[PDB]
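Participant: Protein chains in written order, with the working numbering: chain E, 84 to 494; chain R, 368 to 782.
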Amino acid sequence: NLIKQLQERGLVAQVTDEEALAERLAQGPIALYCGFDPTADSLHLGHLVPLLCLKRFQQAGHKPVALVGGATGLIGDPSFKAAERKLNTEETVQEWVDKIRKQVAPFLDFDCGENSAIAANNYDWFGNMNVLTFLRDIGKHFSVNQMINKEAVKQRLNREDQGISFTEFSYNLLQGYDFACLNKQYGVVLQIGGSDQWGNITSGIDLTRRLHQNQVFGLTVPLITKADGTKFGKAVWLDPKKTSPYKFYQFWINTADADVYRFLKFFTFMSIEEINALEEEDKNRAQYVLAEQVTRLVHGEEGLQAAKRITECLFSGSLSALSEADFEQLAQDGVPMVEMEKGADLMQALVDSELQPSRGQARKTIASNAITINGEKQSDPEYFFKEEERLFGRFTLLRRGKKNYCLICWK
Amino acid sequence: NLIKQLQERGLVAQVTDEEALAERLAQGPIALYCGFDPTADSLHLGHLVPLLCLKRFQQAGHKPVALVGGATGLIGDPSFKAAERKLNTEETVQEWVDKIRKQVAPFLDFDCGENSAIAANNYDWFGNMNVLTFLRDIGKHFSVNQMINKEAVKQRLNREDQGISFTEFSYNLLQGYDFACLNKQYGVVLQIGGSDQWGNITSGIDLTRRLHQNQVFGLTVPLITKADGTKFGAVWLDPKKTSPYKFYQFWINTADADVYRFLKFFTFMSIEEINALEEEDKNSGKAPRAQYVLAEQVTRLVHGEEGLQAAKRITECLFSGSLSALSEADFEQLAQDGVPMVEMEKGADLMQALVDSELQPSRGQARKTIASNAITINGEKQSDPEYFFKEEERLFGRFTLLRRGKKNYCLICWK
Ligand SMILES: Nc1ncnc2c1ncn2[C@@H]1O[C@H](COS(=O)(=O)NC(=O)[C@@H](N)Cc2ccc(O)cc2)[C@@H](O)[C@H]1O
Ligand SMILES: Nc1ncnc2c1ncn2[C@@H]1O[C@H](COS(=O)(=O)NC(=O)[C@@H](N)Cc2ccc(O)cc2)[C@@H](O)[C@H]1O
């Protein structure tokens, strides 16, 4: 039983009429969906949780529908959001829709027969829907009394200064209708999402009964968090131009022990048997396994190898294996960086990079043999960089002591 | 000062930025509007209060716009309504729209130059409006925190079983946008309505500022009520719903505590004439005659001179007993709603007509009441208990009016 398997990974927050869903799942392939709103040019790690859950259902033989909210992204989901969001333009949302659709696509199989993935966009039905049609055909089925009692919008209905527009309050009807629309178009009988989506999902379940006299189900995944109560993603984007594969990999390497086994369950396709065996062995490595799996999953074999090669070069101080693209990752977000004019001396580099507070202090630090230039020791306080030390004519990696790095990017 | 004149008739509940509105009114003609939703095939007396107020503004030189809610009638106004209304069909609402627009038209002047009245319909702009456009362009300007606390809908938001749909909750936004539309299309700067419309009006004022960067105003008329606290069922303007006779009699029977206020609300008599009529009644030493004046004015206004003459002829014939002056059309007003009526098969005796009309409990009782000379047939006394009606007594071959005592009537409609 797939629900039982997901419950064992800790991937089930809530599920509607669970016994019936397990029976329908047991009978044969179902169509299911999860929606993703375009509120940025990329998804982050949080979005990856239900995205991989769509693939977990596909691996079990079910048909995943990945919806991108071209219409809902023009409205804004208020669910457990403390503040009203500014509206985004139609041009910006369309740009984001395209980027998200393309980012989701490699996570699912679009060519595996009957259960092949389908990309959907709710702008296809809301983009031309008349307002009186929406209010009469959809709105009459929604009770404002029940809407104001939804946990997701309750904290917004106490004081107007921390309030909600009619625009964001109508959001629940759009996602509610999306479920009914996918049920009629594709026979979708299940919607998944994170726990904040519970109220938007149950509205679609109810609306599908009222509009199409069909029974549909809901399943939420817990919102993934760190055990120490801090905010998850200290954000971690899927786009390599926002979070480099190296930074992505390092985020996983540095997972706390209290989080590492839970993260392996949420973010990898490793069996529950191997994760438990990995946990027992360490009680009498997991961060390394987690980093390898998720980095290869998001950034591919090439991405994982670049992240490992950069990590190794920084640990060893030997930079010969680094390519120009590797240095681009370091400058982006890998190590602290400073832009400098060619001709600057070593003292000025240490001051401008904030590795040293003054030229006088930097002189003593250099003379003490604390500084490396591309991994090589340089103890002449009066030194000027050689042209060959400007790797790819652009980069020079400084290190103070055994671990304090700074990348000089030459103008 | 038009606002002050309306305040003296008791026709002003609330006014936004009153000094600025009075200054705008004194500068020259303005364009104003009032909306009427199609929830029935006719307007009633309540709807007549703001409709006549549109005419009062027109008489002062202003330009009235009478909007009929082709779109809003497909949504439903929840304002101060205890229960959620069922949605009406597009075909039914269209039929009602046509009937209401035609019923409204004779009350305003459509041919008096620059301030000629205009007929409008909000279906013109909502019929082709996309949902994302409405939600973004209009909806972003509305706070749900403020909406749920509006007096017109707050009572609906405590019991789920006695609740409000998103459909009816969205209504305030539609009427709000209508004011922005009429401001842009016709330079409408004022909306009037009854006091239940205050919140729908102020939403339009705020939205016009946000969308068109224009200053507009609101003025409400008090909801006309009775002094005894009872409900002001309905008295319709359509003669096929409320006959001119019944309409006239409703005004005749106005309570003394209500008659002068009703003159101010429902007629175009000057405040000086109404005050002189109250003064005369206060010093006459007899019962008031103002009800007669009110009945003549409003019946002539709504049903014309012909309607008034029919109501008076029917009243006079019932009072005199002599029905010779009654036409077939007059008897049809009586059968519709003038007096209680019963359908009976020709051949029924007087005793059975008294029992079936519920004028008597039994034939045995009917026998004694007939013998006591308490029964009239078409105003003529009939004291024979064993009497059968004559063919000549079935007026126009199908009407006989029975009366027990001085006022217990029943029209027999012969089959
Ligand atoms: N930290 C996290 N852990 C687990 N899941 C997480 C998460 N952060 C985000 N998610 C989930 O990732 C998904 C996409 O996030 S989202 O774009 O903010 N979601 C939304 O705004 C949905 N209303 C989108 C939507 C859903 C269905 C529709 O028919 C239409 C639109 C949601 O299911 C959300 O719960
Ligand atoms: N007893 C009464 N006394 C005085 N005025 C009364 C009344 N009963 C009804 N009215 C008024 O008669 C007018 C029409 O009544 S109604 O058809 O119920 N009105 C409505 O439902 C409004 N929402 C119509 C409307 C108004 C403006 C728009 O842009 C669109 C529609 C309103 O101004 C109402 O306040």
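For each residue, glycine too, the CB sits at the ideal point set by N, CA and C.
1) Taking 8 angstroms as the limit between beta carbons, can you name the residues of its chain near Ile158 (chain E), skipping five residues before and five after?
2) Can you name the residues of chain E whose CB is closer than 8 angstroms to the CB of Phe546 (chain R)?
3) Taking DSSP as the reference, what is the three-state secondary structure of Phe756 (chain R)?
4) According to a CB-to-CB cut-off of less than 9 angstroms, which residues of the stretch 498 to 520 of chain R neighbour chain E?
5) Among the residues of its own chain, which have a CB less than 6 angstroms from the CB of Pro752 (chain R), if the five just before and after it don't count?
6) Using a Cβ cut-off of 9 angstroms, pull out every chain R residue sitting near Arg242 (chain E), in sequence order please.
7) Just to confirm before moving on: does the CB-CB distance between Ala123 (chain E) and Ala202 (chain E) stay below 8 angstroms?
8) Please state whether the Cβ-Cβ distance between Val95 (chain E) and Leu302 (chain E) is less than 8 angstroms.
9) Can you look up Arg483 (chain E) in the DSSP assignment and give me helix, strand or coil?
10) Looking only at DSSP bridge pairs, what is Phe766 (chain R) linked to?
11) Can you give me the start and stop residues for the alpha helix (DSSP H) that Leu104 (chain E) sits inside?
12) Where DSSP assigns a beta bridge to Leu218 (chain E), which residues make up the other side?
13) Name the two residues that bound the continuous alpha helix (DSSP H) containing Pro147 (chain E).
14) Between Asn497 (chain R) and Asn213 (chain E), how many whole angstroms is the CB-CB distance? I'm expecting something under 8 angstroms.
15) Does DSSP put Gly210 (chain E) in a helix, a strand or coil?
16) With which residues is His414 (chain R) paired in a DSSP beta bridge?
17) Can a CB atom of chain R be found closer than 8 angstroms to the CB of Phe209 (chain E)?
18) Using a C-beta cutoff of 8 angstroms, does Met496 (chain R) count as contacting chain E?
19) Does any CB atom of chain R fall closer than 8 angstroms to the CB of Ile247 (chain E)?
20) Using a Cβ-Cβ distance under 8 angstroms, would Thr250 (chain E) count as near chain R?
21) Is it a yes or a no for the stretch 563 to 574 of chain R touching the stretch 501 to 514 of chain R, going by three-plus beta-carbon pairs under 8 angstroms?
22) Which class does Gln296 (chain E) belong to by DSSP, given the choice of helix, strand or coil?
23) Please check if any C-beta of chain E sits within less than 8 angstroms of the C-beta of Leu540 (chain R).
24) Under 8 angstroms, CB to CB, which of the residues in the stretch 268 to 294 of chain E have a partner in chain R?
25) With a threshold of 8 angstroms between beta carbons, is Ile158 (chain E) in contact with chain R?
26) When you compare only the Cα positions, how much space is there between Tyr488 (chain E) and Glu173 (chain E)?
27) Can you tell me the Cα-Cα spacing of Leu438 (chain E) and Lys460 (chain E), whole angstroms?
28) Rounded to whole angstroms, what's the CA-CA distance from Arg392 (chain E) to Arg239 (chain E)? Just pull it up for me.
29) Taking beta-carbon pairs under 8 angstroms, can you tell me which members of the stretch 441 to 457 of chain E lie near chain R?
30) Taking a cut-off of 6 angstroms, which residues have a beta-carbon closer than that to any heavy atom of ligand 2, in chain order?
31) Judging by CA-CA distance, which residue of R:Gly671, R:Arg761, R:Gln426, R:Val709 is the nearest neighbour of residue 350 (chain R)?
32) Report buried or exposed for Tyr659 (chain R), applying the criterion of at least 16 other Cβ atoms within 10 angstroms of its Cβ.
33) So, using beta-carbon positions, are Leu399 (chain R) and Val555 (chain R) closer together than 8 angstroms?
34) Does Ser253 (chain E) have its Cβ less than 8 angstroms from a Cβ in chain R?
35) Closer than 8 angstroms, CB to CB, is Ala154 (chain E) near chain R or not?
Facilitator: If we stick to the structure as given:
1) Position 75 of the first sequence holds residue 158 (chain E). Only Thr250, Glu251, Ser253, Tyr254, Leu257 meet the Cβ criterion.
2) Stepping through the second sequence from its first residue, residue 546 (chain R) is reached at position 179. The contacting residues do not exist; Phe546 (chain R) stays about 16 angstroms from chain E at best.
3) By one-based count along the second sequence, residue 756 (chain R) stands at place 389. Of the three classes helix, strand and coil, the one that applies to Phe756 (chain R) here is coil, per DSSP.
4) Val498, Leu499, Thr500, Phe501, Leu502, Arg503, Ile505, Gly506, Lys507, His508, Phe509, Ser510, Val511, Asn512, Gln513, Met514, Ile515, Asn516, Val520
5) As a position in the second sequence, residue 752 (chain R) is number 385, starting the count at 1. Hits under 6 angstroms: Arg734, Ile737, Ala738.
6) Taking the first sequence and counting its residues from 1, the one referred to as residue 242 (chain E) is at position 159. Those are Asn512, listed as they occur along chain R.
7) Position 40 of the first sequence holds residue 123 (chain E). Position 119 of the first sequence holds residue 202 (chain E). It is not a contact, given that the beta carbons lie outside the stated cut-off.
8) The count along the first sequence starts at 1 and reaches residue 95 (chain E) at position 12. The count along the first sequence starts at 1 and reaches residue 302 (chain E) at position 219. Yes, Cβ-Cβ distance for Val95 (chain E) and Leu302 (chain E) is below 8 angstroms.
9) Residue mapping note: residue 483 (chain E) aligns to position 400 of the first sequence, counting from 1. Note: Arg483 (chain E) maps to strand in three-state DSSP.
10) Working through the second sequence from its first residue, we reach residue 766 (chain R) at position 399. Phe766 (chain R) pairs with R:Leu762, R:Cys780.
11) By one-based count along the first sequence, residue 104 (chain E) stands at place 21. Note, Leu104 (chain E): alpha helix (DSSP H), 101 to 110.
12) Within the first sequence, numbered from 1, the residue matching residue 218 (chain E) stands at position 135. None, per the DSSP bridge assignment.
13) For the purposes of this step, residue 147 (chain E) is taken as residue 64 along the first sequence, with counting starting at 1. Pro147 (chain E) -> not in any alpha helix (DSSP H); beta strand (DSSP E) instead, spanning 146 to 151.
14) Locating residue 497 (chain R) in the second sequence gives position 130, where the first residue counts as 1. Locating residue 213 (chain E) in the first sequence gives position 130, where the first residue counts as 1. So it is a contact: roughly 7 angstroms between Cβ atoms.
15) Here residue 210 (chain E) refers to the residue found at position 127 when the first sequence is read from its first residue. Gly210 (chain E) falls in the coil class under three-state DSSP.
16) Working through the second sequence from its first residue, we reach residue 414 (chain R) at position 47. According to DSSP, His414 (chain R) bridges with nothing at all.
17) In the first sequence, residue 209 (chain E) corresponds to position 126, counting from 1. By this cut-off, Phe209 (chain E) is an interface position.
18) Locating residue 496 (chain R) in the second sequence gives position 129, where the first residue counts as 1. It does: the Cβ of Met496 (chain R) has a partner Cβ on chain E nearer than 8 angstroms.
19) For the purposes of this step, residue 247 (chain E) is taken as the residue at position 164 of the first sequence. Chain R, which has a Cβ nearer than 8 angstroms to the Cβ of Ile247 (chain E), makes this yes.
20) Walking along the first sequence from the start, residue 250 (chain E) turns up at place 167. Closer than 8 angstroms: yes.
21) yes
22) Taking the first residue of the first sequence as position 1, residue 296 (chain E) is located at position 213. Three-state result, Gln296 (chain E): coil.
23) Locating residue 540 (chain R) in the second sequence gives position 173, where the first residue counts as 1. Yes, because at least one Cβ of chain E sits closer than 8 angstroms to the Cβ of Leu540 (chain R).
24) none
25) Numbered from 1 along the first sequence, position 75 holds the residue referred to as residue 158 (chain E). It does: the Cβ of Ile158 (chain E) has a partner Cβ on chain R nearer than 8 angstroms.
26) Working through the first sequence from its first residue, we reach residue 488 (chain E) at position 405. Working through the first sequence from its first residue, we reach residue 173 (chain E) at position 90. C-alpha separation (whole angstroms): 43 angstroms.
27) Within the first sequence, residue 438 (chain E) is the residue found at index 355, counting from 1. Within the first sequence, residue 460 (chain E) is the residue found at index 377, counting from 1. Taking the straight line from one Cα to the other gives about 16 angstroms.
28) Numbered from its first residue, the first sequence carries residue 392 (chain E) at position 309. Numbered from its first residue, the first sequence carries residue 239 (chain E) at position 156. Roughly 48 angstroms separates the two Cα atoms.
29) none
30) R:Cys401, R:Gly402, R:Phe403, R:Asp404, R:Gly413, R:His414, R:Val416, R:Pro417, R:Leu434, R:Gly436, R:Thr439, R:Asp444, R:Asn489, R:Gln542, R:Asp545, R:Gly560, R:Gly561, R:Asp563, R:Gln564, R:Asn567, R:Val588, R:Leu590, R:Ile591, R:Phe599
31) Residue 350 (chain R) falls outside the range modelled here, since chain R spans only 368 to 782, and no answer is possible.
32) As a first step, residue 659 (chain R) must be located in the second sequence, where it is residue number 292. When all chains shown are included, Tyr659 (chain R) counts as exposed.
33) Within the second sequence, residue 399 (chain R) is the residue found at index 32, counting from 1. Within the second sequence, residue 555 (chain R) is the residue found at index 188, counting from 1. Cβ distance < 8 angstroms, so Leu399 (chain R) and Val555 (chain R) count as in contact.
34) By 1-based counting over the first sequence, the position of residue 253 (chain E) is 170. Answer yes: the Cβ-Cβ gap between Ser253 (chain E) and chain R drops below 8 angstroms somewhere.
35) Stepping through the first sequence from its first residue, residue 154 (chain E) is reached at position 71. Chain R, which has a Cβ nearer than 8 angstroms to the Cβ of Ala154 (chain E), makes this yes.
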